[PDB]
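*Asks:* In the order they appear, the protein sequences are chains A, Y, S, U, X and V.
Mind the numbering: the first sequence is residues 32 to 160 in the authors' numbering, read in order.
Mind the numbering: the second sequence is residues 201 to 249 in the authors' numbering, read in order.
Mind the numbering: the third sequence is residues 314 to 365 in the authors' numbering, read in order.
Mind the numbering: the fourth sequence is residues 1 to 174 in the authors' numbering, read in order.
Mind the numbering: the fifth sequence is residues 2 to 80 in the authors' numbering, read in order.
Mind the numbering: the sixth sequence is residues 51 to 100 in the authors' numbering, read in order.
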Amino acid sequence: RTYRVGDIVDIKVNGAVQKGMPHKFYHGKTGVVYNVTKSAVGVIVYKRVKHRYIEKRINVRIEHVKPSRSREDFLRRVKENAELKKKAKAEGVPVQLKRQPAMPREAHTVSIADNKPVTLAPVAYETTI
Amino acid sequence: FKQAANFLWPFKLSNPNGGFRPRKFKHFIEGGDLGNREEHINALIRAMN
Amino acid sequence: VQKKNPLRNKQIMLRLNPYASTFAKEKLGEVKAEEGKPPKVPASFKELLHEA
Amino acid sequence: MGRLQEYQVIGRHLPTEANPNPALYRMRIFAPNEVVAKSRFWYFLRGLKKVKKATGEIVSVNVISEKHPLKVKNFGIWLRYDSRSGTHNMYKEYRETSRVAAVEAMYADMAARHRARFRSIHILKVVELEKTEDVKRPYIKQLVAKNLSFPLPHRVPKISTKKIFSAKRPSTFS
Amino acid sequence: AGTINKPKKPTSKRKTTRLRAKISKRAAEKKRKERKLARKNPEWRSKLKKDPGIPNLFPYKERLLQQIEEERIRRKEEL
Amino acid sequence: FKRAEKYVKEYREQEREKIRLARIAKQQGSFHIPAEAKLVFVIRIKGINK
RNA sequence: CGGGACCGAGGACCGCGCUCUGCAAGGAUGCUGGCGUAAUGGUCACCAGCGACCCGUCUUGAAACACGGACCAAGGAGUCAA
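#1: State the CB to CB distance for the pair residue 332(S) and residue 55(V), rounded to an integer number of angstroms; the pair is presumed to be in contact (CB under 8 Å).
#2: Quick one: grab the DSSP three-state call for residue 323(S).
#3: Spatial neighbours of residue 132(U) within its chain, please: C-beta separation below 6 Å, excluding the five flanking residues on both sides.
#4: Could you tell me which of 121(A), 128(A), 98(A) and 92(A) sits nearest to residue 109(A), measuring between CA atoms?
#5: Is there a Cβ of chain S sitting closer than 7 Å to that of residue 58(V), yes or no?
#6: Output yes if chain V places a C-beta closer than 7 Å to the C-beta of residue 141(A); else output no.
#7: Rounded to whole angstroms, how far is the Cβ of residue 225(Y) from the Cβ of residue 96(V), which I believe are closer than 8 Å?
#8: Is residue 219(Y) buried or exposed, if buried means 16 or more other CB atoms sit within 10 Å of its CB?
#9: My assumption, with CB atoms under 8 Å, is that residue 61(A) sits in contact with residue 99(A). Please give the rounded CB distance.
#10: In its own chain, which residues sit with a C-beta less than 7 Å from the C-beta of residue 160(A), not counting the 5 before and 5 after it?
#11: With distances taken Cα to Cα, identify the nearest neighbour of residue 34(A) among 52(A), 63(A), 138(A) and 48(A).
#12: What are the start and end residues of the beta strand (DSSP E) that includes residue 233(Y)?
#13: Determine the extent of the beta strand (DSSP E) in which residue 78(U) is found, giving its start and end residues.
#14: Under 7 Å between the Cβ atoms of residue 140(U) and residue 66(U)?
#15: With a cut-off of 7 Å, does the C-beta of residue 164(U) fall near any C-beta of chain A?
#16: Closest to residue 145(A) by C-alpha separation, out of 13(U), 2(U), 6(U) and 22(U), would be which residue?
#17: Check the Cβ of residue 208(Y) against every Cβ in chain V and list those closer than 8 Å, keeping chain order.
#18: Of the residues that make up the segment 54-71 of chain U, which ones have a beta carbon closer than 8 Å to any beta carbon in chain V?
#19: Considering only the beta carbon of each residue, do residue 87(A) and residue 72(A) sit closer than 7 Å?
#20: Measuring alpha carbon to alpha carbon, tell me which residue in 34(U), 125(U) and 76(U) is nearest residue 58(U).
#21: What residues are listed by DSSP as bridge partners for residue 64(U)?
#22: Output the distance between the C-alpha atoms of residue 175(U) and residue 330(S), rounded to the nearest integer angstrom.
#23: Return yes when the Cβ of residue 89(U) is within less than 7 Å of the Cβ of residue 80(U), no when it is not.
#24: Just to confirm my understanding: we take residue 75(X), look at its own chain, exclude 5 residues before and 5 after, and list those with CB closer than 8 Å. What are they?
#25: Between residue 74(V) and residue 139(A), is the Cβ-Cβ spacing less than 7 Å?
#26: Residue 91(V) CB to nearest chain U CB: under 7 Å?
#27: Touching or not, the segment 40-48 of chain U and the segment 97-113 of chain U, by the rule of three or more beta carbon pairs under 8 Å?
#28: State yes or no: is the beta carbon of residue 229(Y) nearer than 7 Å to at least one beta carbon in chain V?
#29: Based on the DSSP secondary-structure assignment, which residues constitute the bridge partners of residue 28(U)?
#30: Below 8 Å, how does it come out for the segment 1-18 of chain U and the segment 331-350 of chain S: are there three or more Cβ pairs, yes or no?
#31: Would residue 86(U) be called buried (16 or more neighbouring beta carbons within 10 Å of its own) or exposed?
#32: Would residue 160(U) be called buried (16 or more neighbouring beta carbons within 10 Å of its own) or exposed?
#33: Using the beta-carbon count (16 or more within 10 Å), is residue 25(U) buried or exposed?
#34: Could you give the residue range of the alpha helix (DSSP H) that holds residue 207(Y)?
#35: When the cut-off is 7 Å and only beta carbons count, does residue 51(V) lie next to chain S?
#36: In the DSSP output, what is residue 91(U) paired with across the bridge?
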């Protein structure tokens, strides 16, 4: 994989080489590529110090760098928003374009005839014996 | 509901008549008054309002 | 000049809600339940309740 | 641990595409209220069936009232309590008129005799001793004895605490 | 001993602030130290704890074992 | 006036509807799981310190 | 439906209203008594209950240590010029 400047990458140092890592803070962090080398890459990371963000730069080998999927959902949602909006304009019917948080469950009825409940104790009697 | 609740100012209640539980800063299921108490919030609303 | 409690002053209740007088006269806070003989609880509910 | 009620709590795993009808689990929980009963029910399922509250639901919460609260009964309680050594089994007996009163007497008894709290006690079984010969403990055996009759020696009279001074020395014979 | 007639100097139960703070710090450092040794504990631990079982003085232990057998035979027949 | 009358009637009907659904499930030998609550009142009972 | 305490802000009318000759509806009025003076009120001294380390400076993160202070009157220290 040939990485390019401006690409957003994830840092995952594979292997159990955590005995002598100088900086374990950037493991699992996501940053922007500014410099490309054959076996190295320059990553811009932002750290939070109290109320402000400080900007740090690291040099990570390509073996610990994978492309990130941060904007995949945004570009995808833009695409079906455009497509369903075109479809809604075609068929003349309103449609929802906004994703919503999970709503509480409604009322429903659970049958008992084939699903008789099992009475449980705080310990299992099979374990007691 | 968003517009109605944001139109409503936050309610400034008084301290409950009869008080809190003896150890106030524990969970409701532990014998305190923090956390979710489900339909038991109505008695606290009567006491504080 | 003075906020008056509508739950203590009936005039503020009638100003904010004209249906309060109709509610009080028709006693809509004391509506009895619908008539009819209630069917008894099924037995299997009782054995499920009292099952050890 | 308070004015306890016994609740039948039935819950289940949330239905999925793989499992459209999950199994239902029923427990008898002695709790002060329904919120505590549901919390203890989910705690026991996390301990046993690995079913979390966030992925499960409560189907039913009901109150189990005593059938005959006016009949004197003997109750045997098999329980486990946690101390600094670890977990221990205990079987105890209580002469009460309801299961909930037996459980409150149990909780007070364990707190008094072993300093065990609510979270350190697990109630495994509460049973009715239907026959007199099923009673094992001597402190219940002496109470279920034939023709039980005893006096009450040295009864201090009940005098109001606001009446500071008395004119005659009280008697402790009635 | 002649404690009744000639008692010695009393042992004060009134704590001092320096002693209370020092004892609290010692308790905190002991908790952190036993947590660290629990993390670096080389002693073998069982995956499943030893369960004591049912007490013998329980009057319905035999019918509980009967319930266990009918449950396990029912499970074996179902499986 | 008419709107308050409608609201009072709706509250009474929704309460009787929940009771009727629970009774129908109990009579048919099942349990009616009520809908989860949609409104929560939250009160801050601890101070602004630490 | 009672029993109790504290409060009376504003000062022609306007408004929302209702039980609509009027009103408990955008903030207290009506009736009555004693006194008309140290009676209310205020100041000073003292007693009583409760509360309350001696100020300034230095130090460090802070206390402590250290330094100054017998009392009073007058004087007494970020000014001017480029």
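All C-beta atoms, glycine included, are put in the ideal place defined by N, C-alpha and C.
*Replies:* Judging by the given coordinates:
#1: 6 Å
#2: helix
#3: 144
#4: 128(A)
#5: yes
#6: yes
#7: 7 Å
#8: exposed
#9: 5 Å
#10: none
#11: 63(A)
#12: It is not in any beta strand (DSSP E) - residue 233(Y) carries neither H nor E in the DSSP assignment.
#13: 73-82
#14: no
#15: no
#16: 22(U)
#17: Going along chain V, no residue has its Cβ under 8 Å from residue 208(Y), so there is no contact; the nearest lies around 12 Å.
#18: 57, 58, 59 and 60
#19: no
#20: 34(U)
#21: Answer by DSSP bridge pairing: none, since residue 64(U) is not bridged.
#22: Lying before the first or after the last residue shown, residue 175(U) is absent from chain U, which here runs from 1 to 174.
#23: yes
#24: none
#25: no
#26: no
#27: no
#28: no
#29: 8(U)
#30: no
#31: exposed
#32: exposed
#33: buried
#34: 202-207
#35: yes
#36: 78(U)
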